[PDB]
Amino acid sequence: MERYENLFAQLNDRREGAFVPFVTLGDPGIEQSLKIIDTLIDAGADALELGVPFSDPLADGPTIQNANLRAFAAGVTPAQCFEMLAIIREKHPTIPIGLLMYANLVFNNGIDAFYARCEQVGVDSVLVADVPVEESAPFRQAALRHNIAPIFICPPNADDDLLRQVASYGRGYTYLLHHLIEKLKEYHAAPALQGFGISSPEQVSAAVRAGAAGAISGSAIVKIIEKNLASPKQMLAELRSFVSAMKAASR
Amino acid sequence: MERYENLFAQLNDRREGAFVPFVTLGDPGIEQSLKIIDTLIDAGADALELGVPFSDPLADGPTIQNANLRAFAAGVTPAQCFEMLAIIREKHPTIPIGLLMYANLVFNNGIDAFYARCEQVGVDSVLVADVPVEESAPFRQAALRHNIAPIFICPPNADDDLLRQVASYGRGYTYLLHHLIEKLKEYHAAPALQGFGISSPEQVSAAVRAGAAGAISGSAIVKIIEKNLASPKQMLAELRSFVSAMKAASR
Amino acid sequence: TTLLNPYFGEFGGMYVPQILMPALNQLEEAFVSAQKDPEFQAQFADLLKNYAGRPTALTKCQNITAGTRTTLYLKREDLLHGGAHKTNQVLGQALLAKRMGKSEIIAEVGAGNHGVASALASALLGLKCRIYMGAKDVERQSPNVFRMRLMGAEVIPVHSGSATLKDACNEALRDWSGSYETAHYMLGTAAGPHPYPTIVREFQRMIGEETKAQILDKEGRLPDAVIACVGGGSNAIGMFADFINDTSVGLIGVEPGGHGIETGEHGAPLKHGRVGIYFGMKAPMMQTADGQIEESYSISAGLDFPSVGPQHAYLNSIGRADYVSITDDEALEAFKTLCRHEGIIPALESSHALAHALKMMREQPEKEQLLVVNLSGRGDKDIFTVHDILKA
Amino acid sequence: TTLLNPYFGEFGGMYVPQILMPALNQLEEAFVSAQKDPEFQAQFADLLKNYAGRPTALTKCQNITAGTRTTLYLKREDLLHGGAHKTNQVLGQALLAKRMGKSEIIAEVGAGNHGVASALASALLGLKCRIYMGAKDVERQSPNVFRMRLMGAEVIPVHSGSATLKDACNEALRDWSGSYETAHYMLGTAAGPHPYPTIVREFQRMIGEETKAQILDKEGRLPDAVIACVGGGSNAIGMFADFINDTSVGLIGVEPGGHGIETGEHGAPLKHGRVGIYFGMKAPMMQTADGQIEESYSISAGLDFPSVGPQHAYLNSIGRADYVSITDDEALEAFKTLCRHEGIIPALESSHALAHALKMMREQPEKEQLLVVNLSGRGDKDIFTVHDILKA
Ligand SMILES: *Cc1c(COP(=O)(O)O)cnc(C)c1O
Ligand SMILES: *Cc1c(COP(=O)(O)O)cnc(C)c1O
Ligand code: NA
Ligand code: NA
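Chains as they are written, first to last, in the entry's author numbering: chain A, 1 to 177, 194 to 267; chain A', 1 to 177, 194 to 267; chain B, 2 to 393; chain B', 2 to 393. A prime marks a further copy of an entry chain.
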């Protein structure tokens with residue numbers, strides 16, 4: 001498939017930026033999570049970044065650490081996450097779906113088998129949090145063989161060699177954390209999405225104005241879930257309100 | 001004075017052995033102790049060996065260790081012990097009185113002053129438990145200057161050089177713990209009193225039959241005190257009974 | 002790109018988020034430079050000798066082997082300042098931190114003694130030390146928390162996630178990802194992402210080097226085998242290193258068997274785990290059927306690491322080193338035996354290694370063999386643990 | 002009659018019941034013989050080196066003295082096997098016991114670590130060890146009681162008398178008076194009846210000997226002063242001995258001041274006691290006006306001995322050595338200072354010596370002086386004590 005390519009082409013024809021929210025699959029529960037995701041989509045999310053709960057997420061911060069806790073407490077497993085992914089794709093045929101994984105869950109039963117499973121359920125990209133470009137060969141190779149876009153993070157402390165590698169290895173979009197944007201475009205890198213501290217409408221407009229193709233809210237969505245655990249209805253209401261505002265800022 | 005010399009001469013004229021009981025001054029109390037001592041004397045004790053409670057009696061055994069405990073619990077001090085000694089001598093002019101002391105209580109305020117105090121109250125001998133013949137010079141010299149008999153213990157592991165020293169340094173009597197008796201007599205040692213495990217009439221007769229001039233009951237008396245703490249009257253009754261039997265065995 | 006090979010066969014690597022790669026590359030470079038700098042070596046040797054107490058003794062244990070044809074020596078790391086071998090490499094890493102112009106140290110710990118080790122090295126070398134540890138661990142480690150604070154370290158309780166070791170580690174690395182310019186992450190074992198497995202080995206190899214010289218001086222030949230417990234792998238690789246090219250010398254690593262391999266409650270991932278990617282490395286690990294990392298178990302907290310150093314996995318794969326396991330009960334017996342017959346109270350961790358040497362001796366009492374057990378630490382810290390057990 | 006002088010000036014002697022004299026004479030003879038026997042010396046040196054970990058390091062403490070003209074070194078007895086200097090002489094006495102054909106060791110202890118030391122030496126050398134201790138002490142010393150029992154020693158609770166240390170000592174000596182042919186009484190300090198003060202000094206003098214060689218190697222000259230805490234006097238005389246004839250080297254002994262000399266609650270008999278006769282010797286002691294022996298007091302149990310070794314009383318009388326005192330609070334501050342600035346946790350006993358060196362430095366910061374503090378032991382054992390105090 002070419003969901004990311006089709007999305008960005010459509011956004012470009014509309015001189016629009018992309019707004020991508022992240023959430024942990026199964027947080028706070030399978031059912032409530034499916035509702036959350038449908039709400040994010042209805043509210044205007046252009047794409048989704050979805051995490052699969054892992055026991056030792058050495059990268060993520062407290063908000064995410066607690067998100068996994070809630071998901072595990074609900075008995076969420078990678079197998080159930082893939083069941084959810086299939087359901088989500090059956091309901092939404094064109095929205096790009098990206099996974100945020102930890103190396104062990106991808107490597108566990110065979111790297112190739114993992115990306116084959118992703119292709120089977122309809123996933124579009126996979127960002128493996130603890131696999132730097134230096135260790136990415138078997139991962140990106142398997143991703144490509146299964147029509148999955150391998151996504152890489154372009155850190156603050158990135159140098160020129162890293163920019164070139166990310167431009168060369170990545171597909172779908174470049175996960176960014194003005195010159196960087198110009199250099200990435202110069203090296204024909206996948207469209208860049210700003211993912212650093214995206215929690216307010218003005219940050220979304222700023223990202224697009226800086227040259228990025230959009231913005232990723234890495235934890236603002238999770239915080240809203242964490243805050244409304246007592247009232248699922250109010251949780252969805254606030255999520256719809258936030259996403260709608262963030263997406264409006266991209267137009 | 002010559003109380004020991006006079007006693008043994010009298011016992012000899014009667015072909016009799018001496019029976020000497022030991023007790024801790026002030027055990028279990030000043031008043032009860034004075035009564036105990038008068039009872040020992042009335043029952044037939046030929047002489048007395050009296051201990052002065054000391055904080056660290058490294059020599060003595062559990063029976064004596066507990067005797068000092070009782071005495072200290074009653075607030076007994078060396079000063080009070082000397083007050084008792086004066087009272088005892090005022091009531092009994094001829095019975096020999098020997099003290100069993102620990103070096104510090106003798107050395108504390110001056111060795112000479114201690115023996116002068118002994119002479120003043122009417123004591124006849126002093127055995128310093130932790131002063132071997134090798135360290136006895138200042139003690140025996142002070143004792144002699146004040147007409148006090150320095151007494152020494154002739155241990156089981158004694159050799160010939162020790163026998164000669166004890167024979168030469170001791171006065172009053174030799175504290176013994194057949195050949196030893198013959199050697200001591202050979203070296204003109206003070207009359208020997210058997211002090212090892214003297215707790216029954218047969219041990220007293222055996223000691224005299226072996227050639228000793230008598231026997232010292234080092235703890236049998238204290239045990240009787242320890243056993244009748246609840247009934248002072250019964251305590252005195254049993255003490256009179258024991259001493260009377262032990263003394264009879266010496267005739 | 003790196004200066005040294007990050008792998009030992011298929012094991013090892015640098016599986017960390019991209020943001021941490023510069024920190025690792027910087028460290029690898031400083032290490033390579035330091036290893037060639039006589040001044041760094043002289044400085045490191047001075048601290049090991051005059052501060053830590055190296056060289057440590059090699060004690061022959063005649064009473065234990067009486068009646069058999071086994072001759073047993075114990076490498077006395079229990080006599081090292083701090084009571085365990087950990088001191089050697091934390092001093093080395095602290096010096097590397099200073100070489101890089103850093104004045105801060107970051108570490109994390111649970112029930113281990115790595116926090117105390119990191120704190121003492123930081124106090125000696127004037128480094129600001131901060132140690133992360135799960136809130137739950139803080140409440141159960143009052144003694145060590147106090148030791149670290151006495152030594153000026155800042156103990157930071159972590160409440161996020163499950164408030165356990167994994168959360169502390171996460172916080173420590175997150176911290177380091179933003180402060181590596183002025184702070185150095187002090188990893189406590191020969192595991193994790195390259196260059197740590199290599200650095201820790203090199204800063205612990207004096208154990209094996211001294212043992213070689215001491216055994217040659219006393220027996221006039223090399224050991225038939227050197228035996229060491231394996232939690233993360235540092236004391237063992239430290240003993241093994243200088244002997245790797247001496248093909249006649251057996252290298253035996255002892256993983257904790259806990260209540261027994263068959264019970265599932267053990268800490269033997271090398272021989273009973275499954276290869277995975279965790280803590281920045283590809284290595285054998287305790288994991289669920291679907292890839293979640295499981296916890297190891299052992300009467301000895303020090304051997305409670307769900308994975309193992311990559312070089313050990315490699316040495317095993319090619320048959321150069323052999324790994325076995327010892328149960329809680331076997332380690333307890335060895336602990337009692339050393340106390341009663343040699344007057345040495347061994348750490349329960351080290352007791353696993355001694356337990357295996359005892360088995361090698363007892364199973365074939367007429368087999369002539371010269372063995373060296375690495376006594377990685379003293380067991381004063383285990384008296385309560387052992388007391389309560391024997392109690393029940 | 003004796004082979005060696007039992008006195009140091011008017012201090013010392015053999016004030017024991019006649020029945021114990023043969024045991025003392027026998028011991029003195031064996032000692033004199035052993036001191037001239039190269040085989041005994043070689044055997045003793047082998048144990049100290051390969052079992053105990055000698056020589057111990059001499060650590061320079063730059064962080065502590067920064068900004069002053071004081072240069073401070075710490076003799077690391079805290080790194081000795083067992084954690085304290087006591088190990089040196091118990092091994093020596095155990096060897097003497099074997100020389101005399103004995104296979105049993107008798108000792109007594111209260112809150113001290115002498116029981117553990119006697120037990121470990123006995124386990125190593127195959128000696129049957131029995132340790133007496135007041136019933137009251139047993140109930141409060143569960144940890145050490147367990148350590149001694151783990152090491153095969155028979156711990157015998159004493160209920161007679163006040164069931165305290167003095168009762169244990171009495172029982173131990175009574176025991177010895179009847180069993181000296183097969184058992185040796187292991188005295189734990191440089192005090193008691195001759196020949197113990199002399200034997201303990203000689204079996205601890207390697208402390209001073211090593212320090213001399215180490216300071217000459219590092220500074221090219223002798224110390225302006227060596228400083229050591231004084232409870233009974235063994236670690237101090239061990240440090241002092243080899244320096245006595247070096248007139249330029251100050252010998253400073255530090256007695257515990259407890260809550261303060263003026264409070265009466267201290268353990269400084271040498272400078273604030275009165276000469277008396279106790280525990281087989283004539284020496285300064287804590288005593289009542291009428292001669293009863295009083296108890297010493299100190300935050301540190303190890304310095305809780307109501308008297309002092311006779312040689313110290315003598316060295317003081319002729320002005321060769323100087324004695325001072327340090328309070329509980331001064332010792333606590335030194336303890337904290339060493340932990341924070343050098344990463345070494347010192348025993349509270351040793352902390353008294355460090356506290357005085359700190360005072361010598363701080364009072365006259367521009368005075369040039371080279372000092373050596375004898376760090377007699379490690380303070381892991383004091384963490385709880387210090388923690389609770391700081392708590393309140
Ligand atoms: C920390 C420790 C160990 C375990 O660590 P490795 O890295 O596996 O050596 C073993 N023994 C002792 C005494 C320890 O303190
Ligand atoms: C026993 C001890 C002391 C006190 O004994 P001395 O005989 O006075 O040396 C001092 N420091 C430590 C660490 C001790 O264990
Ligand atoms: Na492990
Ligand atoms: Na003292």
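For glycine and all other residues, C-beta sits at the position ideal for the given N, C-alpha and C.
For the putative contact between residue i and residue j, defined by C-beta atoms under 8 angstroms, what is the C-beta separation to the nearest angstrom?
i: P257 (chain B); j: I327 (chain B); result: 7 angstroms
i: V52 (chain A'); j: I237 (chain A'); result: Their Cβ separation, rounded to whole angstroms, is 16 angstroms, which puts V52 (chain A') and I237 (chain A') out of contact at 8 angstroms.
i: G259 (chain B'); j: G268 (chain B'); result: 6 angstroms
i: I153 (chain A); j: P18 (chain B); result: 7 angstroms
i: residue 401 (chain B); j: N114 (chain B); result: Since the displayed chain B opens at 2 and closes at 393, residue 401 (chain B) lies outside it and no answer follows.
i: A103 (chain A); j: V131 (chain A); result: 5 angstroms
i: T289 (chain B'); j: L349 (chain B'); result: With 8 angstroms as the limit, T289 (chain B') and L349 (chain B') do not qualify as a contact, their Cβ atoms being about 27 angstroms apart.
Per DSSP, residue i is paired with what?
i: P285 (chain B'); result: B':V276
i: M361 (chain B'); result: The partner list for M361 (chain B') (beta bridge, DSSP) is empty, contrary to what the question assumes.
i: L48 (chain A); result: A:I97
i: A229 (chain B); result: B:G254
i: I157 (chain B); result: B:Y133
i: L376 (chain B'); result: B':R77
Can you tell me the Cα-Cα spacing of residue i and residue j, whole angstroms?
i: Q94 (chain B'); j: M187 (chain B'); result: 7 angstroms
i: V121 (chain A'); j: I97 (chain A'); result: 10 angstroms
i: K283 (chain B); j: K167 (chain B); result: 18 angstroms
i: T2 (chain B'); j: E134 (chain A'); result: 7 angstroms
i: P248 (chain A); j: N6 (chain A); result: 33 angstroms
i: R70 (chain A); j: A143 (chain A); result: 29 angstroms
i: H273 (chain B); j: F306 (chain B); result: 14 angstroms
i: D138 (chain B'); j: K382 (chain B); result: 22 angstroms
i: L97 (chain B'); j: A31 (chain B'); result: 7 angstroms
i: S163 (chain B); j: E218 (chain A); result: 34 angstroms
Determine, for residue i, whether the minimum Cβ-Cβ distance to residues of chain A' falls below 8 angstroms.
i: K137 (chain B'); result: no
i: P23 (chain B'); result: yes
i: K103 (chain B'); result: no
On a Cα-Cα basis, can you pick out the residue from the options that is closest to residue i?
i: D159 (chain A'); options: A':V126, A':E90, A':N147 and A':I197; result: A':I197
i: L73 (chain B'); options: B':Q370, B':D383 and B':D389; result: B':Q370
i: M22 (chain B'); options: A':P207, A':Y175, A':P156 and A':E254; result: A':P156
i: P194 (chain B); options: B:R175, B:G380 and B:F12; result: B:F12
i: residue 188 (chain A); options: A:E16, A:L58, A:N109 and A:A142; result: Coordinates for residue 188 (chain A) are simply not present: the residues of chain A run from 177 and resume at 194.
i: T66 (chain B); options: B:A35, B:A356, B:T212 and B:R222; result: B:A356
i: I107 (chain B'); options: B':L125, B':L97, B':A124 and B':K129; result: B':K129
i: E182 (chain B); options: B:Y16, B:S377, B:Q365 and B:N26; result: B:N26
Kindly examine ligand 6 and report whether one of its heavy atoms sits closer than 7 angstroms to the Cβ of residue i.
i: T212 (chain B); result: Only ligand 1, ligand 2, ligand 3 and ligand 4 can be found as ligands here, which leaves ligand 6 out of the picture.
Verify the CB distance criterion: does residue i have a CB-CB separation below 8 angstroms to chain A?
i: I20 (chain B); result: yes
Is there a Cβ from chain B' that is less than 8 angstroms from the Cβ of residue i?
i: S55 (chain A'); result: yes
i: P158 (chain B); result: no
i: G189 (chain B); result: no
Using a Cβ-Cβ distance cut-off of 8 angstroms, determine whether residue i contacts chain B.
i: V131 (chain A); result: yes
i: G68 (chain B'); result: no
i: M152 (chain B'); result: yes
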